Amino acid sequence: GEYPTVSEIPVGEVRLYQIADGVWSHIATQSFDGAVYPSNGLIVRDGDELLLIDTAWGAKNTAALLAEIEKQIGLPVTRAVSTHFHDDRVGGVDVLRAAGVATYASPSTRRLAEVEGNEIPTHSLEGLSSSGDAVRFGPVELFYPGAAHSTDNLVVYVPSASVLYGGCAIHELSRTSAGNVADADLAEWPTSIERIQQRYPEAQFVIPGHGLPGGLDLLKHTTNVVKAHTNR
């Protein structure tokens, strides 16, 4: 199927895209600094339940995400993981919590969300504090590749489907800039990408934080973009 773009997704709405069996992305149109763009998260079937990766940025959008999941899939979301502390990825956690979803993040993410004044996932994910750390979490592996887009950023791999979701640590091909780098670690980002390459060389589908999916070429693209920004 054609991957949904901002022209299929009005502001405040959410669409799902089935990447593979029991794996979807969720896509929401967001507004920022004069522009609009499509933000991805992930949904992974976990027996007869669903694991959500990342909110849809804010209470209203995350409610709309839960509705679209019920419409298109119809299984209960029982757990959610936020991949870093920024408002776009934890904004909407209170809605998930109120709807009975167990919300998770690393202690690193929880700490930085609190400092920032953002919503804070309730449960803490142990075993991810050091670069290269990985932990199993139901139908996914969570991986802390090192600092990149942020110091806490996690990536998520679905072994059954060979899908890698990079959140904002991986850029789509149409991105030329490094994105919001206020909290990034530019010096460590290319090393962190190399850890991802080394761990998941078998990945077939790579989902960037924003925009169009691709393959492992997205990792090299991301390092190219990051180098360009470093050498500005």
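In case it trips you up, residue 1 is the first one in the sequence shown, and so on.
The question of which stretch, 25 to 33 or 55 to 63, has the higher mean Cα B factor is settled in favour of 25 to 33. In this entry, the higher average B-factor at the C-alpha atoms falls on 15 to 23, of the pair 15 to 23 and 215 to 223. Across the residues 109, 103, 118, 150, the deposited record lists the maximum Cα B factor for 118. Of the candidates 91, 74, 132, 139, the one whose C-alpha carries the top B factor in the deposited record is 74. Sort the modelled residues of the chain by CA B factor and residue 159 lands in the middle third. In this PDB entry, residue 96 carries a Cα temperature factor that places it within the middle third of its chain's modelled residues. Ranked within its chain, residue 205 lands in the middle third, by CA B factor from the PDB record. Among all modelled residues in this chain, the alpha-carbon of residue 192 has a temperature factor (C-alpha) in the lowest third. Among the modelled residues of the chain, residue 166 sits in the lowest third by CA temperature factor in this PDB entry.
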